[PDB]
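Read the single chain below, which is given as structure tokens and is the form deposited in one PDB entry.
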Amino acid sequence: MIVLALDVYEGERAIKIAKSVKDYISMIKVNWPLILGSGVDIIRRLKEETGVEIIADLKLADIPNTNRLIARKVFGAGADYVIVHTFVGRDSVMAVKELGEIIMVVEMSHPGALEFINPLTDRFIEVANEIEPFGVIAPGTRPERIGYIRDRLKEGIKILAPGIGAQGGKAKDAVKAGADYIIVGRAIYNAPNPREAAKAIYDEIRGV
């Protein structure tokens, strides 16, 4: 249920951390900065070193043909899931889904999201319901939002949520509210002992 946001750009350093917490996470999420610095082969390297599935957080948002060229290369490189925007249209989402498992963005948490993205979350969820992606991604800052989305999201589509909070009990609360996966980064990779931290989040979630 835990997804490690491996936002560590010293390549071998990132790999060491990922290997150390491998037993307590379900997936590793890599972004464009890591792929740019280490190359797209960082995805196969992480898989070989950890045995964990990889989410390529690409936010694809181009026309169908281009989204297709990108997805073919990234899935070919071993990515298990690709994160794609919903706002570019159904055809652009489908061009990626036809090549591999996808996770659709339906809401974001930065101030700018209030301008165009978030006013459309309800509609993006309805679109996701028709597309049937592996899951959707939305902020987990407020467990009430997770539930709101879960109520509207077709059963079977998973919810992945970043930003649930580092306080004791936040991880367990986000899962109970409807998150299938919680995405955690700094609380793990910047801990004095990343494995211990990941293990503690794991324990909180599988506990009571």
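Only residues modelled in both forms are compared. A residue's number is simply how far along the shown sequence it sits, counting from 1. For the two forms, the rigid core is made up of the largest set of C-alpha atoms that agree within 1.5 Å on superposition.
> Higher mean Cα B-factor in the deposited model: 35-43 or 143-151?
Mean B over CA atoms: larger for 143-151.
> Which is it among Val74, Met108, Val127, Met104: the one with the largest CA B-factor in the entry?
In this record, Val127 carries the highest C-alpha B-factor of the candidates.
> Among the chain's modelled residues, which third holds the C-alpha B-factor of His85?
For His85, whose C-alpha B-factor we compare with every modelled residue in the chain, the answer is the lowest third.
> Once the chain's modelled residues are ordered by C-alpha B factor and cut into thirds, is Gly178 in the lowest, middle or highest one?
CA B-factor rank for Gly178: highest third.
> Hey, what third does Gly78 fall into on Cα B-factor, ranked over its chain?
Within its chain, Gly78 is a highest-third residue by C-alpha B-factor, going by the deposited values.
> Ordered by C-alpha B-factor within the chain, which third holds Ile55? Give me lowest, middle or highest, please.
Its C-alpha B-factor belongs to the highest third of this chain's values.
> Using the temperature factors of the C-alpha atoms in this entry, rank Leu160 within its chain: lowest, middle or highest third.
Its C-alpha B-factor, which the entry lists for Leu160, ranks in the lowest third among residues of this chain.
There is another form of this protein, the form deposited in another entry, and it is not shown here; the text below is about that form.
> Any idea which of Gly51, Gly169, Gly37, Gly156 has its C-alpha shifted 2 Å or more between the shown form and the other one with the rigid core fixed?
Result of the comparison: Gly169.
> Once everything's superposed on the core, is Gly76 shifted 2 Å or more at the Cα between the shown form and the other one?
Comparing the forms between the shown form and the other one, which are aligned on their rigid core, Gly76 does not shift its C-alpha by 2 Å or more.
> Please check if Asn129 moves between the shown form and the other one, taking a CA shift of 2 Å or more relative to the superposed core as movement.
It does not, since the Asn129 C-alpha is displaced less than 2 Å between the shown form and the other one after the core fit.
> Answer yes if the Cα of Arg90 shifts by 2 angstroms or more between the shown form and the other one on a rigid-core superposition, and no otherwise.
After core superposition, the displacement of the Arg90 C-alpha between the shown form and the other one stays below 2 Å, so no.
> At 2 Å or more of Cα shift, core superposed, where are the runs of at least three residues that differ between the shown form and the other one?
Shifted segments: 109-115, 164-170, 206-208.
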